[PDB]
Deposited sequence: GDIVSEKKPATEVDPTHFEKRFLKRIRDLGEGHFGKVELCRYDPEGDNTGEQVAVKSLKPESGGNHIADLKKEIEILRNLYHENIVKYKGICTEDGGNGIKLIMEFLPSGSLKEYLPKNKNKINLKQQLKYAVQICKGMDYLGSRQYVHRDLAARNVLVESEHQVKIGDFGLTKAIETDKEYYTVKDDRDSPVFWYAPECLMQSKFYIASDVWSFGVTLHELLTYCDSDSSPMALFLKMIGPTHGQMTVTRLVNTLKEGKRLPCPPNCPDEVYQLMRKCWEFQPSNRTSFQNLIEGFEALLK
């Protein structure tokens, strides 16, 4: 067969040149690893973040198609895919951000990162989220560990494994498997009825903001703080207890050194009724007013 010219697709990453360095993070079905795409074989190739399945293909495939089509400075950049001649299997290739998530970066840089800079992170997170909301997506997994640091001045939403499209004319996505829910980040309606509204992402932003304000310290994490509030030994009764505490109107406490006007913005993310929650737009305005 007279075969045509072998054109280069910059988004096609060959498996044979994708060399593992270390693990970056892991769910239950997926893992991300730092790799070097090193076709010259001399360890000068580009570092990239590679997400694959643990030995759900259709899910990863939809995550790829979602990220590939998102274009925003506060959203991690798709770089491409890795596929094998055999087929079926696929890995997602993302830019690698050396500073990691807020979980790695914040505890190491307390001295550099003050309140104004935190509030700018908060604005950038809201802008990425708002951009996402406008494409009719609910993220469902917003948490400090899913916010990457591009530079001391810039963050990016850095994973989309649970992201779902909201149907046209509907206001929420109804979820089926919820076993692996980040319950300490989830709004009541997600916990009780398993429905996800954009306002549900707003709630999760509320807690992500808390983590940011406490610099992602483990003893101040939403999980640790909630378990302390309700009892850490209730096992299968934990979510119920959690739902009650929220129904009772309890919320995470104000972080030390968090000024009440920032805390009050946080509170509006946690109004019990979805409809009463501030929007990402309002949040952006509120934050911007504090930065003037």
item: Stretches with no C-alpha atoms in the model, relative to the deposited sequence starting at 1; value: 1-5, 61-65
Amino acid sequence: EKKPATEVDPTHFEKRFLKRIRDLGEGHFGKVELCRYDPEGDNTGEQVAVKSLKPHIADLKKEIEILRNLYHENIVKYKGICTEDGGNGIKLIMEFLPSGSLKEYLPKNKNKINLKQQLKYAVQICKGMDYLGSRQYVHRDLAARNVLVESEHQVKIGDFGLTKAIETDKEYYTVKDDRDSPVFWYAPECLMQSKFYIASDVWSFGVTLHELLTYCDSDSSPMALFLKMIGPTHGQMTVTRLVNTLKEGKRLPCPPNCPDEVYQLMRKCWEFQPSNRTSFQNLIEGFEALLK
From here on, numbers count along this sequence of modelled residues.
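Note that the rigid core is defined as the largest set of C-alphas that superpose within 1.5 Å between two forms.
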item	value
Between 176-184 and 206-214, larger RMS Cα displacement in 9 other deposited structures of this protein after core fit	176-184
Greater Cα displacement in 9 other deposited structures of this protein once the core is superposed, comparing 269-277 with 13-21	13-21
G86 left out of the model in a third or more of other PDB entries	yes
Of 201-209 and 107-115, the stretch whose C-alpha atoms average the higher B-factor in the entry	107-115
Higher-B stretch (mean Cα B-factor, as the entry records it), 44-52 or 260-268	260-268
Given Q124, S221, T83, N146, the residue at which the Cα B factor reaches its maximum	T83
Chain thirds of CA B-factor: placement of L252	middle
Lowest, middle or highest third - CA B-factor, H12	middle
Chain-relative CA temperature factor third for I57	middle
Assigned third (lowest, middle, highest) for the C-alpha B factor of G89	highest
Chain third (lowest, middle, highest) by recorded CA B-factor, residue given as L242	middle
